[PDB]
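Taken in sequence, the protein lines are chains B and A.
When the letters of the first sequence are read in order and numbered with the entry's author numbering, they come out as residues 1 to 286, 296 to 312, 319 to 341.
When the letters of the second sequence are read in order and numbered with the entry's author numbering, they come out as residues 0 to 288, 295 to 312, 320 to 341.
Encoded as structure tokens, the structure appears first; notes follow it.
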Amino acid sequence: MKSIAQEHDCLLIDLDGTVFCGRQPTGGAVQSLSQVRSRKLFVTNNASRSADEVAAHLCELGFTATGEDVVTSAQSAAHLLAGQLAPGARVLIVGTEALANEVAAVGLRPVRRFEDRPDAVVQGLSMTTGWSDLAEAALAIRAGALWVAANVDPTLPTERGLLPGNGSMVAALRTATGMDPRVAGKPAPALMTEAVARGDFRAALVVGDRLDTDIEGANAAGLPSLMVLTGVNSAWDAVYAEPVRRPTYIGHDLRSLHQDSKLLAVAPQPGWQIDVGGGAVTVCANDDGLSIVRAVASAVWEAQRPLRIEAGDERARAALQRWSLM
Amino acid sequence: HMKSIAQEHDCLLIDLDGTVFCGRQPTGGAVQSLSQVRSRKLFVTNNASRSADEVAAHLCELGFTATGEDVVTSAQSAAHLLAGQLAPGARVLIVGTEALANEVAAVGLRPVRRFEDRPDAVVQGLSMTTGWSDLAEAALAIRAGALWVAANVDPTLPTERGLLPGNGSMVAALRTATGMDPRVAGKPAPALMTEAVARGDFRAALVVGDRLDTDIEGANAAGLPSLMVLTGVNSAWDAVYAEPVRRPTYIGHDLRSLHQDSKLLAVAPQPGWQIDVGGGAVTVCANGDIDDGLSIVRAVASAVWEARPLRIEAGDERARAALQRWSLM
Ligand SMILES: [Mg+2]
Ligand SMILES: [Mg+2]
Numbered sequence: 001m002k003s004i005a006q007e008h009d010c011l012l013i014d015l016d017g018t019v020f021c022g023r024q025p026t027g028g029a030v031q032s033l034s035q036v037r038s039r040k041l042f043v044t045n046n047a048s049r050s051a052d053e054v055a056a057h058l059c060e061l062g063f064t065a066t067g068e069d070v071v072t073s074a075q076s077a078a079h080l081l082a083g084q085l086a087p088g089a090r091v092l093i094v095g096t097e098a099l100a101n102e103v104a105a106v107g108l109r110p111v112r113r114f115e116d117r118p119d120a121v122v123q124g125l126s127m128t129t130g131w132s133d134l135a136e137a138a139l140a141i142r143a144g145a146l147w148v149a150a151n152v153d154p155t156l157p158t159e160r161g162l163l164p165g166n167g168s169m170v171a172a173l174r175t176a177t178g179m180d181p182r183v184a185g186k187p188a189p190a191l192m193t194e195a196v197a198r199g200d201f202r203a204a205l206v207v208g209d210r211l212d213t214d215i216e217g218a219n220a221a222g223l224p225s226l227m228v229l230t231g232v233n234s235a236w237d238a239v240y241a242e243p244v245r246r247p248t249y250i251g252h253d254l255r256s257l258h259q260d261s262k263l264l265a266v267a268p269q270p271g272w273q274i275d276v277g278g279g280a281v282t283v284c285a286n296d297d298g299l300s301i302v303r304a305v306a307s308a309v310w311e312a319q320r321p322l323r324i325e326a327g328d329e330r331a332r333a334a335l336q337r338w339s340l341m
Numbered sequence: 000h001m002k003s004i005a006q007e008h009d010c011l012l013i014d015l016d017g018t019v020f021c022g023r024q025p026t027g028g029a030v031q032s033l034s035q036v037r038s039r040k041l042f043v044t045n046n047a048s049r050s051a052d053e054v055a056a057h058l059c060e061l062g063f064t065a066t067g068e069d070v071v072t073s074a075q076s077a078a079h080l081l082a083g084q085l086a087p088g089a090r091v092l093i094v095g096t097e098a099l100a101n102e103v104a105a106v107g108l109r110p111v112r113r114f115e116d117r118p119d120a121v122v123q124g125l126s127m128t129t130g131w132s133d134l135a136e137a138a139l140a141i142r143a144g145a146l147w148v149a150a151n152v153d154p155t156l157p158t159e160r161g162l163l164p165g166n167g168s169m170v171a172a173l174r175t176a177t178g179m180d181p182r183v184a185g186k187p188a189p190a191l192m193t194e195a196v197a198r199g200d201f202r203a204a205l206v207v208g209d210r211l212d213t214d215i216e217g218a219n220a221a222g223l224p225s226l227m228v229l230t231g232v233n234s235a236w237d238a239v240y241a242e243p244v245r246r247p248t249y250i251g252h253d254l255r256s257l258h259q260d261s262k263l264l265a266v267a268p269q270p271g272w273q274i275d276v277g278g279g280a281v282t283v284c285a286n287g288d295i296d297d298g299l300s301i302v303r304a305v306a307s308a309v310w311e312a320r321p322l323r324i325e326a327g328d329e330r331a332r333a334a335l336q337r338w339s340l341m
């Protein structure tokens, strides 16, 4: 019975676009996270900061967290490597020392150039990575070194604009070497599947702003998922999402944790009558404000050319236009 | 009495790397060959890291006679391109060496290194101290509508240490970050070559190069003839199976071929080799009643180009030995 946060052991929660939007914590994020009893794990695909450094930034925004609460893709990459390299194998680092620490912390030996004999290469974003560093990695990868990337985001959003992400640095090595790296962070399920293993949790939940990492990774991990609308992807994006990227729950922001799990769920709605016609989904009337989104989403998924969403009365049109959809 | 290929031409647009020298050492007979040509020797490179004088200095060390005026770079062609569609004094963000920036300055545009300055264009070339913050600056310019030019799009820089990331790898990072492509100013874009003949009003230029996708592709794009040499990247196999736009007109071992007959070097049918094209195979036999060792390459190439991938088989022993010498089988 009761709220969704109570129905689940622990929450794997995305940071960026979910907890905080750059400088500021999200809509009622601080208030809402203090009121859950379930174990809160902060999940980030970024590998530039270390475990503590991320927790410090949370503390500066008014949240209570330490490094043991945070799950980075640098940590998951470290486990991946140690999972298939001899103890004290040499791993060439591309990225910050926060990355190289996690390599050391799993009993491997972080290295910085190709004349040292690295059995693998790990790659995460660092704002001082230069050509010289890529060149060392390029030689290593051409010689058959095992290549891991923390994440493969093409862009890094900031106040100045959309800057090059780790995926862009990976794209340079892809071109130089003609090979791909194995991706360690989201949307790979190992990151999430390990996080639940830490505290042997039997009923975990994923909360994130982004379909192609947070939600896609949840389904890959065989976990449920609550999509929030404070970040990258929109209501529209959820409706037309391809099967592997479809969330199970959907809500405004982190106040959704204290809402009823049956209310947030993507399913048919008694408040909305929907008819899938010839190339169109039609909505008539009979709520936090997202019921109609859940109604339409559910219809499209159950059912190629994208289906048009269209209105059957004044009450439908106004709600739809409020969420775009036409 | 016959006439050499170099005598038949006003000027020679000669590629540096893989053609004149191979990293440290001049290629076979390069110094002795170029010293014996009367016509104008221009040294063309797609690299935008060295200045024209720095290139010429490097050539003097290896044993060649060359000044800065003899060098044609993609950095020059990139600058000329930008000057040709930007107002004088327009700001151009530089990704690359100061030698790149100097070429931009020299055409009356203002070289720049960051997005807070308002750059109308981004020019990209390889520099070994290029870092993420430099790419970040250019990413912001490109997204803000800035005109983007690259010197070259080479995935790799070949060095003594191995294969390092070329300018094409750096571009790929911006291709991914921005979702846009640069306009290429260097080879195989014909602007580079066609402007070089304009410099001296030459009326019978020839291109010499080791690479099909740049040197040769550009020569066909510029409507110039072209000698492919086997000292560099592309081989005889590559010549044979090259698609129409990357086909050379002449083919030789190395820069010695500048003194051989153009009729001998020409990709054409050969007296010493009879060819049967049929059954998805090219059968080569030794024929009935002087070779430089490449007649069979020219015969096969000519046969393949005149006519679904095609196999190359030997009809007798002599032909098999010749074919095996150039792989081909
Ligand atoms: Mg996010
Ligand atoms: Mg070359």
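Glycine included, C-beta positions come from ideal geometry on N, C-alpha and C.
- For A:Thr96, the closest Cβ of chain B is not nearer than 7 Å.
- Distances from the CB of B:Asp9 to the heavy atoms of ligand 1 are all 6 Å or more.
- Looking at the DSSP output, A:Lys40 bridges to A:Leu11.
- Within the same chain, Cβ atoms closer than 6 Å to the Cβ of A:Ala78 are found at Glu102, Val103 and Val106, the five residues on either side in sequence being excluded.
- When secondary structure is reduced to three states using DSSP, B:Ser73 falls in the helix class.
- When secondary structure is reduced to three states using DSSP, B:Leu340 falls in the coil class, being assigned neither helix nor strand.
- Within 6 Å of the C-beta of B:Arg210 there is at least one heavy atom belonging to ligand 1.
- Judged by their CB atoms, A:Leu191 and A:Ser76 are nearer to each other than the 7 Å cut-off.
- Taken atom to atom, the span from the alpha-carbon of B:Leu99 to that of A:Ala145 is near 34 Å.
- For A:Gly167, the distance from the CB to the nearest heavy atom of ligand 2 is not below 6 Å.
- Contact annotation, A:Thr128 with A:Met169: C-beta distance approximately 12 Å; criterion of less than 8 Å not satisfied.
- When Cβ pairs closer than 8 Å are counted between the two stretches, the segment 152 to 166 of chain A is seen not to touch the segment 182 to 202 of chain B, the count staying below three.
- Taking a 10 Å sphere around the C-beta of B:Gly124, we find 16 or more other C-beta atoms and assign the residue as buried.
- As the crow flies, the alpha-carbon of A:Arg255 is around 16 Å from that of A:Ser300.
- Beta-carbon to beta-carbon, A:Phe114 and A:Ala140 are separated by about 5 Å, close enough to satisfy the 8 Å threshold.
- Chain A has no Cβ within less than 7 Å of the Cβ of B:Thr213.
- Not a single heavy atom of ligand 2 lies less than 6 Å from the C-beta of A:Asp153.
- Beta-bridge pairing by DSSP links A:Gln123 to A:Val94 and A:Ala149.
- Rounded to whole angstroms, the gap between the alpha carbons of A:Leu85 and B:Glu325 is 48 Å.
- The C-beta of A:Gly167 comes closer than 7 Å to at least one C-beta of chain B.
- Straight-line spacing of the CA atoms in A:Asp14 and B:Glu97 works out to 43 Å.
- When distances are taken from the beta-carbon of B:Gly17 to the heavy atoms of ligand 1, the shortest one is below 6 Å.
- With a cut-off of 8 Å on Cβ pairs, the segment 251 to 268 of chain A is in contact with the segment 301 to 308 of chain A, counting three or more such pairs.
- Per DSSP, reduced to three states, the secondary structure at A:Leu211 is helical.
- Contact annotation: B:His8 and B:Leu205 have beta-carbon atoms nearer than 7 Å.
- The residue from A:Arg23, A:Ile4 and A:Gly217 with its alpha-carbon nearest to that of A:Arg245 is A:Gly217.
- Closer than 7 Å to the CB of A:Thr66 there is not a single CB belonging to chain B.
- DSSP, read as helix, strand or coil, puts B:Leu173 in helix.
- Neighbours of B:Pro164 in chain A, taken as residues whose beta carbon is under 8 Å from its own, are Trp131, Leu134, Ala135, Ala138, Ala172, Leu173, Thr175 and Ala176 in chain order.
- Comparing C-alpha distances from A:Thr44 to each of A:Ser38, A:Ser32 and A:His57 shows the shortest one belongs to A:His57.
- Under the Cβ distance rule, B:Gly199 does not count among the residues neighbouring chain A, no pair being separated by less than 7 Å.
- Short of 6 Å from the beta carbon of B:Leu226, and not among the five residues preceding or following it, lie these beta carbons of its own chain, in chain order: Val207 and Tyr249.
- Taking 7 Å as the cut-off, the beta carbon of A:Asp209 is found closer than this to the beta carbon of A:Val232.
- Considering only A:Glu60, A:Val36, A:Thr230 and A:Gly167, the residue with the shortest C-alpha distance to A:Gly95 is A:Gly167.
- Here DSSP, grouped into helix, strand and coil, assigns A:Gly251 to strand.
- Of the residues assessed, A:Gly165 falls on the buried side of the cut-off, its CB having 16 or more other CB atoms within 10 angstroms.
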